[PDB]
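Analysis of the macromolecular model
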There are 2 protein chains.
Amino acid sequence: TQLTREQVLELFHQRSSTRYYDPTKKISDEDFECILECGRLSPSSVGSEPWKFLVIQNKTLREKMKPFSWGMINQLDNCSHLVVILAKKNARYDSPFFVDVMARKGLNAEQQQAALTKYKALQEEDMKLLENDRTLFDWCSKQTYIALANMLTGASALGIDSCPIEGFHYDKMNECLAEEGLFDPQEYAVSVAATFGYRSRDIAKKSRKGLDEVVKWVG
Amino acid sequence: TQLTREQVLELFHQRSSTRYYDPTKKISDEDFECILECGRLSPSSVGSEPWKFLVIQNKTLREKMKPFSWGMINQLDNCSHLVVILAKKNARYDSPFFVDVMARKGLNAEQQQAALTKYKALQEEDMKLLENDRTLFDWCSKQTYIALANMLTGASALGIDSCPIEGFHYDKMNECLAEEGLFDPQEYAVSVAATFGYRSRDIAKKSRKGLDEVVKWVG
Ligand SMILES: Cc1cc2nc3c(=O)[nH]c(=O)nc-3n(C[C@H](O)[C@H](O)[C@H](O)COP(=O)(O)O)c2cc1C
Ligand SMILES: Cc1cc2nc3c(=O)[nH]c(=O)nc-3n(C[C@H](O)[C@H](O)[C@H](O)COP(=O)(O)O)c2cc1C
Ligand SMILES: Cn1cncc1[N+](=O)[O-]
């Protein structure tokens with residue numbers, strides 16, 4: 001809630017991508033719903049919250065993922081928890097989805113007419129999102145990477161390890177989770193995944209480009 | 001480094017988007033560098049780190065932004081620090097950019113060949129990123145939203161308020177920054193921005209969809 005600079009830097013050095021989990025250690029129900037709160041509470045362009053979290057604990061569905069999920073093939077066998085983050089498809093400014101967003105903010109017919117104009121200008125001319133489905137979807141998916149990041153960091157502050165995952169066939173992952181009836185494929189699609197658990201190896205050392213290469217100061 | 005579930009929950013609850021900053025209060029050099037380290041230390045797909053952070057402290061450059069940055073037009077004057085995050089354009093697997101990525105990990109001719117095969121599978125087959133230029137830029141831009149999230153969370157842990165920013169004309173933010181020589185527009189493009197400072201009003205109440213509609217457990 002309040003940390004020193006030393007405690008902050010150590011929080012982000014200690015967070016590593018964990019490829020090897022101890023299958024004997026499970027995350028408690030309490031710890032993991034806290035990790036999920038970190039995602040839920042995440043900021044979100046125009047409060048859109050365009051995410052759904054699938055917690056994949058069924059072991060046979062994990063096995064069914066392995067043939068197309070080379071980026072996590074062994075982690076699927078040993079991680080405590082697997083989260084697949086979906087992102088909202090077709091989140092147009094004039095959609096029922098954004099009517100839900102305005103309703104959660106209590107906007108009158110006037111404030112709605114102002115908000116929709118702002119949504120429209122953000123989507124249509126600021127960010128050029130309405131070119132095709134993929135560009136609008138990728139806008140929501142970006143918001144979900146905020147939720148992903150916060151879940152990795154909250155987990156690590158709880159002493160729980162994690163690993164973000166893009167290494168899988170996205171079309172096959174979308175099909176397989178839709179055929180289990182886990183989400184409506186016209187409404188949502190897979191954005192990114194993450195495993196969680198307790199590492200079985202030492203933390204690898206951070207390798208990054210230096211601060212002088214990634215930062216540019218304009219005084 | 002290690003918090004409790006209540007500590008973690010308030011760390012993410014206490015962060016909110018600040019639209020009103022105290023022009024009298026400035027972030028320390030040491031406090032901000034630690035914020036920037038939270039970004040630098042963020043995870044990224046295949047270690048790509050496809051970001052650059054422009055810290056816009058120049059006051060008259062901030063003024064040029066106001067005509068096309070309605071999302072932050074009040075914050076521009078009073079915020080302590082403004083960061084504009086760029087994402088790499090054309091980060092193709094076979095590009096010089098990924099030679100740097102492989103170099104930073106010290107990969108032999110055989111290890112580079114395996115890594116190149118994995119990057120190609122990821123980009124062409126799994127995520128279908130080579131459809132056009134926007135799909136590939138939007139992938140790198142997603143990674144930058146991880147960096148963005150961690151900087152907001154690091155700020156909040158240091159007592160520093162923040163607001164993430166998409167409310168500007170991207171076309172005109174790009175050209176304004178590129179014509180002033182701050183990045184190469186064929187190599188990078190604006191992804192998202194964020195202000196940092198100390199709030200001048202009260203923290204508004206968190207409003208989020210309930211955990212029971214954003215989470216679906218699969219047993
Ligand atoms: C969105 C995203 C997707 C990633 N996908 C995978 C993956 O499928 N499998 C994996 O082992 N690592 C994956 N990584 C981890 C990166 O390779 C890792 O973040 C990077 O090499 C830096 O290492 P560090 O996170 O340990 O600091 C992914 C990272 C991100 C942010
Ligand atoms: C990527 C991103 C871009 C945003 N752009 C803006 C913006 O331009 N101006 C602004 O005032 N708020 C902006 N917001 C803030 C959101 O409106 C805010 O996160 C959301 O309404 C939830 O409120 P909270 O962050 O206070 O919890 C942005 C949020 C995100 C994550
Ligand atoms: C992204 N990805 C996919 N497979 C492996 C990775 N990695 O980040 O090393």
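Residues numbered from 1 in each chain as written, not as in the entry; some residues may be left out. Chains lettered and ligands numbered in written order. Heavy atoms only, no water.

This entry lists X-ray crystallography as its structure determination method and reports a resolution of 2.2547 Å.

As annotated in the PDB entry, chain A carries the name Putative NAD(P)H nitroreductase and is attributed to Haemophilus influenzae Rd KW20. According to its PDB record, this entry is titled "The structure of Haemophilus influenzae Rd KW20 nitroreductase complexed with 1-methyl-5-nitroimidazole". Its UniProt record, at the heading Cofactor, says of chain A: "FMN". The record held by UniProt for chain A lists under Sequence similarities the comment "Belongs to the nitroreductase family." (UniProt positions renumbered as here; feature names shortened; annotations may be inferred.)

**Describing a negative patch on the surface**
Where like charges cluster on the molecular surface, the negative patch consists of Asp29(A), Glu30(A), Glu33(A), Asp100(A), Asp212(B) and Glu213(B). Going through the elements one at a time, α2 (29–40) of chain A together with α9 (211–214) of chain B are the ones with two or more residues in the negative patch. For the negative patch, the element with the highest residue contribution is α2(A), accounting for three residues. Considering the arrangement of structural elements, one finds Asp212(B) in helix α9. (Patch = residues over 30% accessible without salt bridge, like charges linked within 9 Å, V, L, I, M, F, W, Y side chains within 5 Å. Areas by Shrake-Rupley, 256 points an atom, 1.4 Å probe, with all protein chains shown as cover. Salt bridge = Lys/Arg side-chain N within 4 Å of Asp/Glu carboxyl O. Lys, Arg positive; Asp, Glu negative; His and termini not counted. Charge placed at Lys NZ, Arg CZ, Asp CG, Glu CD. Helix = DSSP H or I, 4+ residues; strand = E, 2+ residues; numbered from the N terminus.)

**So, the UniProt feature "binding site: NAD(+)" in chain A**
As recorded in UniProt, the feature "binding site: NAD(+)" lies at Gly154(A), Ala155(A), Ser156(A), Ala157(A), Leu158(A) and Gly159(A). Summarising the element assignment, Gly154(A) is placed in helix α7 (residues 133–157). Owing to a relative accessible area of 0%, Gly154(A) belongs among the buried residues under this scheme. What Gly154(A) contacts, discounting residues up to four positions off in sequence, is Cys38(A), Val8(B) and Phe12(B). (Buried < 20%, exposed > 50% of the residue type's maximum accessible area, 1.4 Å probe, protein only. Contact = heavy atoms within 4.5 Å.)

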